[PDB]
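**Student:** Once you've had a glance at the structure underneath, I'll fire off some questions.
Every read-out reported here was derived from the displayed coordinates using simple, explicitly stated rules and does not represent laboratory data. Note that each Cβ is placed from the backbone with ideal geometry, even for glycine, and that neighbours are counted across all protein chains shown.
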4 protein chains.
Amino acid sequence: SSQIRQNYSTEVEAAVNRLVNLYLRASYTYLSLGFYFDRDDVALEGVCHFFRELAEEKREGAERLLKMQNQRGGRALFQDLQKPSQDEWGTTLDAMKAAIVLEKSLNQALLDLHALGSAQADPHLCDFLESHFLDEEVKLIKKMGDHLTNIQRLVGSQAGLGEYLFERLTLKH
Amino acid sequence: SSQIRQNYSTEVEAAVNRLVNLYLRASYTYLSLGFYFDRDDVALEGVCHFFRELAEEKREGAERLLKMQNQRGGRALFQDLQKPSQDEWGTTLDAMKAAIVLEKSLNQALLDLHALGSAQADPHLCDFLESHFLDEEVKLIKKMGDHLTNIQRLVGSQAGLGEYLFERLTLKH
Amino acid sequence: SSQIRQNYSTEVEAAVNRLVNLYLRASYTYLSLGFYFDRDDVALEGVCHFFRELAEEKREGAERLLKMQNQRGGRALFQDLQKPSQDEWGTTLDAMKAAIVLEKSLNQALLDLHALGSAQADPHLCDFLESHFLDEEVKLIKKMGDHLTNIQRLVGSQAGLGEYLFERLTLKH
Amino acid sequence: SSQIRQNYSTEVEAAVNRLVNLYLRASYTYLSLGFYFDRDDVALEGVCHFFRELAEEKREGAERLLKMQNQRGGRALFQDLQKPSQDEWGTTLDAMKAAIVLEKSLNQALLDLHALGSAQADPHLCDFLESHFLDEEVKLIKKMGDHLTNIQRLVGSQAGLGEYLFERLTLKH
Ligand SMILES: [Cl-]
Ligand SMILES: [Cl-]
Ligand SMILES: [Cl-]
Ligand SMILES: [Cl-]
């Protein structure tokens, strides 16, 4: 057992393990989104790349949380990773909307954990979220909102054309 | 006559000469496709470049097969090269569909020859196809399928615009 | 739907999706093993690093399989990822034994899929496994067997000492 | 007197001076630990180096606190520095246990001051601790816990051997 644990509640420890599960599920969802856009009958490379990069970012978030859990003397505990909510993800617009919903749910989980840390007077936890998660999440959601607006303006009456142009001229490929 | 030939059936030798003919015909077809898209009344440079590059790749496939034929102690035999099936190739979409049909026929010829090699217990032949042809063909067909989907999404109700944009923003020029 | 699919059976497609699940589960198991050895009350950095590297390798194997699925015109389908079989992994010896068992199960899944590919006359699938998985797996299992033998010789009557020395002098840190 | 002081309570000012005393005492304790392990009849250079480095780190922590005190318009006040609690520090294990106890007491002092800063609505103080002390302290305690576990596993039935090996193969020398 730990000889280091100090000011680290069982409630926070458990919530950290739940958040790890949420980040890994998000990673898995992004893996599925990425491979959908790589299908020969979808074929939007920039969109594929965007979601593959997010799968990696979310995995890295989970790893940082697990590292912190150990640094504090908590015990990492893993649960089943539920499959993503969809097998096919529709249009780029459908996918970017689903991504924003996912990100808002993760952001709310971060905020909930920050509030728990504040209530438990755990400033290391609070600082850790502030320093590595909260601003990164606000930036990502701003970026997704920006994309969504551009996708929306391009639908118009020529949806295929707009979907191609967004992928070619906004997303990295 | 050969002093080297070993485990190399007459059936395989003949099939290799037929495949050489098929690759050279494919090369010739791609030469014609390339020069069609270079016409002043077609003028799609990226499309021209794509097919010219494929003419070269298919010629190189034929040369590798002829080199292998000699390495095994078979006898290269050449036949008439039939002219391509069309003198004019329609739209970029028409051309990319015709290319996928051609590639599937070549892929089936590779698979047929692999099966013959397996039946004849000729592992060098089988390995040679695996190492230099089968994956290259799967990759090319994936690429063509990706292009076809993008061309298709761009037709919409403004076909000229979409054909220009695909050439400008997807194909190398 | 796919315009590219050729010689790619539904049986192989399904088996590829199952193998992806197996690789991702293996990745998850290695993630858990790695974080266990990072605990302050275990504290074997070289062992942690070894398993973290394997988590990454297994994820990359899954990604290669998913890429290939798309190249062939199959449909990636994801299932629930079961949690690892243990929450605590015992000694370095216990962990390396569990890793070898896992690797043998993955190797058997690769062999089973190769046999299915041979029966279905799918040489691209067979080549793909040969080129990227089968030798990599044999090498890894040889390496694990080598480690296991060294761990075993070091138990003797001073288990702590031997566990420390293996981590310090064999594993990268 | 200060023309700059703003939102900086007398309670915080006093607690900052006490924390400076605690950091300087910790520095002094580490100086003594370092020179003990440099004795010809102890002679564990890696252990000496570890504690000498910590003496320097704790002095630097004190200096940062004194700099901040001035930046806020508080008045640095120094008290007697009590000698360390021991003149001889036993084994490496005894020393690393004593170091962890010391570090936990410093960590609790940081947490107490953070709580005081929160209660007094002094966000600069709170941020200052978060940014320069709280994570540094968690990392150091994790490192000490890791060392303690390795020292403990090496005692076994050959204590001298284990103490030598830890110093040679874990600590920098
Ligand atoms: Cl379960
Ligand atoms: Cl003739
Ligand atoms: Cl389900
Ligand atoms: Cl005095």
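**Student:** Report the residue, chosen from C:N21, C:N107, C:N150, that carries the largest GNM mean-square fluctuation when chain C is represented by alpha-carbon nodes joined by springs under 10 Å.
**Tutor:** Fluctuation is largest for C:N150.
**Student:** Moving on. What list of ³J(HN,Hα) values in whole Hz, one per residue of region B:47-57 in order, does the Karplus curve 6.51 cos²θ - 1.76 cosθ + 1.60 (θ = phi - 60°) give from phi, with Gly and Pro shown as x?
**Tutor:** Each residue of region B:47-57 in turn: 6, 3, 4, 4, 6, 4, 5, 5, 4, 5, 4 Hz.
**Student:** Can you give the direction-averaged projected area of the convex hull of the alpha-carbon atoms in chain B, in nm²?
**Tutor:** Values: hull surface 42.3 nm².
Average of the hull's projected areas for chain B equals 10.6 nm².
**Student:** Now a separate question. Step through the table entries A:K97/B:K139; A:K58/C:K58; A:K67/D:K172; A:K172/C:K67; C:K143/D:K139; B:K58/B:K142, compare each Cα-Cα distance with 26 Å, and write down the pairs that go over it.
**Tutor:** Over 26 Å Cα-Cα: A:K97/B:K139; C:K143/D:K139.
**Student:** Can you return the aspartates and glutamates within cross-link range of C:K83? Criterion is Cα-Cα under 14 Å, with same-chain partners fewer than 8 residues away left out.
**Tutor:** Result set, ordered by chain and number: A:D80.
**Student:** For the protein assembly as shown, divide the Cα radius of gyration by the Kirkwood radius and give the resulting Rg/Rh value with two decimals.
**Tutor:** My calculation puts Rg/Rh at 1.09.
**Student:** With θ set to phi - 60° and the Karplus curve 6.51 cos²θ - 1.76 cosθ + 1.60, what are the ³J(HN,Hα) couplings of region C:15-24 in order, to the nearest whole Hz, using x for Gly and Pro?
**Tutor:** Couplings: 5, 5, 4, 5, 5, 4, 4, 5, 5, 5 Hz.
**Student:** Name the residue farthest towards the positive end of the dipole of region A:76-119 from the options A:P84, A:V101, A:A119, assuming +1 on Cβ of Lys and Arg, -1 on Cβ of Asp and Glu, about the Cα centre.
**Tutor:** A:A119
**Student:** Please give the calculated 222 nm ellipticity per residue for chain A, where each DSSP H segment of at least 4 residues contributes -39500 (n - 2.57) and the sum is spread over every residue; nearest 500 deg cm²/dmol? Please report the intermediate quantities before stating the final value.
**Tutor:** On the way: 6 runs with 121 residues, N = 173.
So the calculated ellipticity at 222 nm is -24000 deg cm²/dmol.
**Student:** Label position 7 Å from Cα toward Cβ: report the copy-to-copy distances for B:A43 in nm, one decimal, ordered from shortest.
**Tutor:** Once sorted, the set of distances for B:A43 reads 2.6, 7.6, 9.1 nm.
**Student:** Could you grab the relative contact order for region D:41-160? Cα pairs under 8 Å, six or more apart, rounded to a whole percent.
**Tutor:** So the answer I get is 26 percent.
**Student:** Using each residue's phi in region A:158-164, evaluate 6.51 cos²θ - 1.76 cosθ + 1.60 at θ = phi - 60° and report the 3J(HN,Hα) Karplus result to the nearest Hz, with x for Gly and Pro.
**Tutor:** Residue by residue, region A:158-164 yields 9, 5, x, 4, x, 5, 5 Hz.
**Student:** Given the rotation that superposes chain C on chain A, what residue of C brings its beta carbon nearest the axis, and what is the distance in Å?
**Tutor:** Axis-proximal residue of C, distance in whole Å: C:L81, 2.
**Student:** What percent do you get for the relative contact order of region A:7-55 when only Cα pairs under 8 Å and 6+ apart count?
**Tutor:** 34
**Student:** Arrange B:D80, D:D41 by Cβ neighbour counts within 10 Å, fewest through most, would you?
**Tutor:** If I rank by nearby Cβ atoms, fewest first, I get D:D41, B:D80.
**Student:** In addition: Taking each label point as 7 Å beyond Cα in the direction of the beta carbon, state the distances from B:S85 to the same residue in the other copies, shortest first, in nm.
**Tutor:** Inter-copy label distances (nm, one decimal, shortest first): 4.6, 5.4, 8.9.
**Student:** Right, next: Which residue fluctuates most in the GNM of chain D (Cα springs below 10 Å): D:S131, D:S105, D:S32?
**Tutor:** Checking each option, the largest mean-square fluctuation is seen for D:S131.
**Student:** If I take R0 = 30 Å and measure r between the Cβ atoms of B:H124 and C:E56 in this structure, what FRET efficiency does the formula 1/(1 + (r/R0)^6) give, to the nearest 0.05?
**Tutor:** According to the calculation, E is roughly 0.25.
**Student:** Could you give the dipole magnitude of region D:1-107 about its Cα centre, charging the beta-carbon of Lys and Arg +1 and that of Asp and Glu -1, in debye to the nearest 20?
**Tutor:** Dipole magnitude for region D:1-107 comes out near 720 debye.
**Student:** Say each of C:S1 and D:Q86 gets a label point 7 Å from the Cα, pointing the same way as Cα to Cβ; how far apart are those two points in nm?
**Tutor:** That separation, rounded to one decimal, is 7.7 nm.
**Student:** Name the shape class, rounded, prolate or oblate, that the alpha-carbon gyration tensor gives for region B:1-88, where a ≥ b ≥ c are the square roots of its eigenvalues, rounded holds for a/c under 1.5, and otherwise prolate holds if a/b is larger than b/c and oblate otherwise.
**Tutor:** prolate
**Student:** Output the Cα-based Rg and Dmax of region C:38-115 in Å, rounding Rg to one decimal and Dmax to a whole number.
**Tutor:** 15.6, 49
**Student:** Now for a separate question. Please say if region D:76-173 is rounded, prolate or oblate, where rounded means a/c under 1.5 for a ≥ b ≥ c the square roots of the C-alpha gyration tensor eigenvalues, and otherwise the choice is prolate for a/b larger than b/c and oblate otherwise? Before the final figure, lay out the partial values.
**Tutor:** On the way: a/c = 3.29, a/b = 2.06, b/c = 1.60.
Since a/c reaches 1.5 and a/b is larger than b/c, the shape of region D:76-173 is classed as prolate.
**Student:** Between B:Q71 and C:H132, take the C-beta separation as r, use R0 = 35 Å, and let me know the FRET efficiency to the nearest 0.05.
**Tutor:** So the FRET efficiency works out to roughly 0.85.
**Student:** Next up: Treating the point 7 Å from Cα along Cα-beta-carbon as the label, what are the nm separations from C:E56 to the other copies, to one decimal?
**Tutor:** Label-point distances to the other copies, shortest first: 1.1, 3.1, 3.6 nm.
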